[PDB]
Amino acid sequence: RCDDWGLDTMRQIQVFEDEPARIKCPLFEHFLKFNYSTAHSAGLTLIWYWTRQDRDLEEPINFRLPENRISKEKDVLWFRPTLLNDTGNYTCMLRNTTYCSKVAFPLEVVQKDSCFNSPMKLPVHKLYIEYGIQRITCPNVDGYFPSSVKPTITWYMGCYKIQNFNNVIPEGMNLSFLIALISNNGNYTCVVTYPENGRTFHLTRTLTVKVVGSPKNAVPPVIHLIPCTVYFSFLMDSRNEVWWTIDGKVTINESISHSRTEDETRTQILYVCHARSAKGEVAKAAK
């Protein structure tokens, strides 16, 4: 009898082979309202197990591997480094004799090209076009080493190390974009490499940068067999809607179009046409 919160997919936890990976037990401060220290004091124990991929048997994790490879430390699970066959779902569970809450997270170890290619679904950090200086930060780096050790961070665009770019300045853990232009679209990689106890590790994150529509051009919706054509200037967290009314609600055919700067164009066919963005709700009638 557990509270089975299931599988936390708000990881982005695919990970390259031969690299470290720490995972915090997702329970704490998320599923549960408390941290590790409190729960320990509350007489809870934290336990770990997994199911391998192409398997249904919940086995124990092995903590007695060569070089103390997979390690546990409080609410963190440590792989140093990950191997291919580590891929599967890991469960942390907190239990009393009267209490039980568990969740699991996916770990997908993945292989790398010499130029950063992989089946990895890259994450997308959109940048505002022509918008002064904007910065991207090398993701998932905190926890892997103390402030006592200064690593090397190398930035790449494509297969190429970023050195002497026109509007791009690597500033350590931060990559700076000066007045972005659509020329700035692509995959960017950070390779952070550090020493741990007389071994050197490497941490690799790659992400897609897409330059999109400025806030200073964001605007309520613009309206143009009866076509209701509406133009939606790009706004970041916006639900673009379009509907005909007659008074309340013959076929139809929606058609989303996008542009280079992600400005939406919903065309929808067939007496009044409406549109709603995060900046407005308007309507225009028909002849």
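One rule holds for the numbers: they count along the sequence shown, beginning at 1.
Unmodelled stretch separating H224 from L225: 10 or more residues (count of deposited-sequence residues without coordinates). According to the record, 4 to 9 deposited residues between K249 and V250 are left without atomic coordinates.
The deposited model assigns a higher average Cα B-factor to 253-261 than to the other stretch when 24-32 and 253-261 are compared. Comparing 150-158 with 135-143, the stretch with the higher mean C-alpha B-factor in the PDB entry is 150-158. Ranking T206, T82, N217, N197 by Cα temperature factor from the entry places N197 first. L7: CA B factor lies in the lowest third for its chain, per the PDB record. The deposited CA B-factor of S37 belongs to the middle third of values across its chain. In this PDB entry, the Cα temperature factor of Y90 sits in the bottom third of its chain's modelled residues, the lowest group. Ranked by C-alpha B-factor against the other modelled residues of its chain, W243 falls in the highest third. Per the PDB record, residue ranking by Cα B-factor puts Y128 in the lowest third of the chain.
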